[PDB]
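Given as structure tokens, the chain that follows is alone and in the form solved without 2-oxopentanoic acid.
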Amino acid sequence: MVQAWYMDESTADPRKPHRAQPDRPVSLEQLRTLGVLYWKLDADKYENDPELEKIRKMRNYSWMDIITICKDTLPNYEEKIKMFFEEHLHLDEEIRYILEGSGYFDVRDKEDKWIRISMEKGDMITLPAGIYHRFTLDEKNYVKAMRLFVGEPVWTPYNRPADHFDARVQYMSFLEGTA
């Protein structure tokens, strides 16, 4: 079962778990109220998995590639890592399917409090266009992920504040409608 939680008040060491004390876990159901959706898959089968295919056809994820984040192999690693963890939004979905390793996606809740989502091998997530979010490796310092997109990808982050965008306005309108 995928783990999410509200974060403590420490700003040091972003790769540590930062669990609030006492524990305040967050369910998949609460995540859905933020428009964040999740699927569990057999990541060993990612090259040929009818269950992944079902998701891609349903959601129109017509594009994909594979990315590996580790110090030793990713081009421009240090700057990419910094950019990932700056709070930002996109004008499209951010869909990531974890094939090896792990990481944290943090998202803002309806009161703009951080929720940390621990993503591991087999976990697939979509963060809706307009949601403020960030990503960091955890202390294992390694992740291999499939990136998916609705059509040809545009990866551009808009670092908060990015409130003027239509995608942000529509997302805010979506949040009024959920529990």
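Each residue number is its position in the shown sequence, starting from 1.
As for the form solved in complex with 2-oxopentanoic acid, it is not shown, yet the points below apply to it.
- No residue of the trio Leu31, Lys113 and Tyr132 has any heavy atom within 4.5 Å of 2-oxopentanoic acid in the bound PDB entry.
- Between 2-oxopentanoic acid and the residues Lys45, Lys40, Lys140, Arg147, the one pair within 4.5 Å by heavy atoms in the bound PDB entry involves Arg147.
- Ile69 is the sole member of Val36, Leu52, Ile69, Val26 with a non-hydrogen atom within 4.5 Å of 2-oxopentanoic acid in the bound PDB entry.
- In the bound PDB entry, 2-oxopentanoic acid sits within 4.5 Å of a heavy atom belonging to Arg96.
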